[PDB]
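Descriptive structure summary
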Number of protein chains: 2
Amino acid sequence: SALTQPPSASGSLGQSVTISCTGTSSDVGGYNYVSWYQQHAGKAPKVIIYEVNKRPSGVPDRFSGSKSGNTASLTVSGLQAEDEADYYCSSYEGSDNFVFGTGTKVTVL
Amino acid sequence: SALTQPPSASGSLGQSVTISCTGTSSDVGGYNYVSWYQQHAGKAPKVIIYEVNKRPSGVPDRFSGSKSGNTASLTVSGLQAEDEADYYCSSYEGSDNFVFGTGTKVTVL
């Protein structure tokens, strides 16, 4: 299984893009343990958000996470060309288990 | 001066879309008084969310709201053809004042 993410999203340089991540009451809707990751092609993933809305040290405030219902979202503001990347979500889902989304490719226009 | 909203968003039938509403610490980021409105052009608006995440009586559970920092988000899940519409946000901004966004047009594919 997988969390549902749109294939694609886009926003303007300097503006924002928002990505959704839809699960169920047993994952996204059940806990406050949603993370987001950014990956450029061929590069290492990077954690952007954890615990729904927390940014790791060194991740700036232009990355914001939220959730409501069974859907989490990530908004990337102040868009830079280097924000063109794949973005994935994950959620805790009970036990010691996590489920991931299928990734959204962002284009920066 | 308006709240910033993307001019467009889209999602697939039966799935989800999330749209954003970005203000400042004096409005969206200052209070828990974000509302969302749906309007099919030419027709009367309807309130979908108030107080960030509250649904008026008669609004289905599949519309949900959230915020983090200066950014509020509305998710429409289980998208239906009737969800193609303009969606506006507003926030309190002190005194007896409310400020609105410019609206996002959602398409349902």
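Rules and cut-offs
Residues numbered from 1 in each chain as written, not as in the entry; some residues may be left out. Chains lettered and ligands numbered in written order. Heavy atoms only, no water. Residues with missing side-chain atoms left out of burial classes, pairs and counts. Helix = DSSP H or I, 4+ residues; strand = E, 2+ residues; numbered from the N terminus. Rg over C-alpha atoms; globule rule 2.2 N^0.38 Å. Contact = heavy atoms within 4.5 Å. Disulfide = S-S within 2.5 Å. UniProt positions renumbered as here; feature names shortened; annotations may be inferred. Buried < 20%, exposed > 50% of the residue type's maximum accessible area, 1.4 Å probe, protein only. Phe/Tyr/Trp six-rings, centres within 6.5 Å; stacked < 30°, edge-to-face > 60°.

The subject of this paragraph is the overall build of chain A. Counting secondary structure elements, chain A contains 0 helices and 9 strands. Secondary structure elements in chain A, listed N-terminal to C-terminal, are β-β-β-β-β-β-β-β-β. The C-alpha radius of gyration of chain A comes to 13 Å, within 12% of the 13 Å expected for a compact globule of 109 residues. Across its three principal directions, the C-alpha atoms of chain A cover 40 × 30 × 25 Å. Taking all contacts inside chain A whose residues are at least 6 apart in sequence as the whole, residues at least 24 apart take part in 57%.

Here we take up the UniProt feature "disulfide bond" in chain A. All names here are of chain A. Here the UniProt disulfide linking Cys21 with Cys89 is intact, its two sulfur atoms sitting 2.1 Å from each other. Separated by 68 residues along the polypeptide, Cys21 in strand β2 (residues 17–22) and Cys89 in strand β7 (residues 85–92) bring together distant segments of the chain. There is no split in this pair, since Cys21 and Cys89 are both buried.

Another point: the state of the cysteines. Residues and elements named next belong to chain A. Per the counting criterion, the structure on display carries 2 disulfides over all chains. Across the disulfide, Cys21 is cross-linked to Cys89 (sulfur-sulfur distance 2.1 Å). The sign of the S-S torsion, about 80°, decides the handedness of the disulfide formed by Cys21 and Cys89: right-handed.

Let's shift gears to unusual backbone geometry. Residues other than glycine seldom take positive phi values, yet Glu51 of chain A does so here, at roughly 50°. Note on placement: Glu51 of chain A falls in the loop between β4 (46–49) and β5 (63–68).

Bringing the packing of aromatic side chains into the picture now. Throughout the structure, instances matching the rule amount to 9 aromatic pairs over all chains. Measuring from centroid to centroid gives 5.9 Å for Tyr33 of chain B and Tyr92 of chain B, while their planes differ by 85°, and the two rings are edge-to-face. Of this pair, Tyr33 of chain B sits in the loop between β2 (17–22) and β3 (34–39) while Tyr92 of chain B sits in strand β7 (residues 85–92), and the two are 59 residues apart along the sequence. Members of the aromatic cluster, each reached through a chain of ring pairs, are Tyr31, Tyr33, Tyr92 and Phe98 of chain A.

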